């Protein structure tokens, strides 16, 4: 339906490689000990950051929209806040990899209606092979994100030389209590590092979100550990599609996501990159000076093309967070379909708190 990208070039060589893109869900930055949250919510990622020099933690990445399907239309394609409809007239990150000769895979624990024409389904079909692990009635069903590990191990065993693996997690999405098993509520009844003025209902919701962060860390670190245990050639990118306000912002009474009434904790996302030893040897690259760049998830496809070593008509290396030519632009938020409703993310208040900006 769409024409391939013009003047397409692959400069990464022709050796076999496996590239992984982990799409997290609702995980905000300010609630992870990896970014300064005083509760130990991400211990396995913390230790991995201490002992592994190839894990690169990005500290100033925010999303553009706080709703799953509305952000993925921008993150996975050339669309952004100024041109939101480019997911219909330009190729996607999955089309680009197939044009590069990759056998693409889509693994997911989010309920996907394969008989229905949702936009997530259309994205997941653009791959060669799909693994839907959460076919299921609905809310309360209890399908945890470790469902992806066994098929992830199976895709690693596929003998295709060039592989792109996309792992879509339920992450830390509502309802928080159903993201982790019942006997792993480490923060149940805990009241330390809790904002003031919470009732028993708001307190249990707050602690369930940190319990869900704990489990999410286990899943992301396990994907990195299993990938590393295959001694591969390639890298892995983890990002959350958007954040989630959970009584973080004063007066500590708000929970959820609202584009028309935005707070920072809804837009701050983790952004991790793990490069294999073989890939770093063949593509030496220093990322230590990039970790503090102010970056929007809306331009993710340019960072990916850069890392994958791809160039084409439309490739903008100034919007790649790992490129030497990176130039900071305005990190737009707000509904791109309303009349002049775009505002700078930096104008939002409470940027000084730990894990914001």
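Positions refer to the first chain, counted from 1.
According to the PDB record, 115-123 carries the higher mean C-alpha B-factor of the two stretches 151-159 and 115-123. Legend: mean Cα B-factor per stretch from the PDB entry, 14-22 versus 344-352; the higher mean is in 344-352. In this entry, the residue among 73, 268, 261, 216 with the greatest C-alpha B factor is 261.
Taking the PDB entry at face value, the top CA B factor among 51, 60, 320, 68 belongs to 51. In the PDB entry, a CA B factor belonging to the middle third of its chain's modelled residues is recorded for residue 290. In the deposited entry, the Cα temperature factor of residue 85 sits in the middle third of values across the chain's modelled residues. Placement of the Cα temperature factor of residue 194 within the chain: highest third of the modelled residues, per the deposited record. When the CA B factors of the chain's modelled residues are split into thirds, the value for residue 100 lands in the middle one.
In the PDB entry, a CA B factor belonging to the lowest third of its chain's modelled residues is recorded for residue 35.
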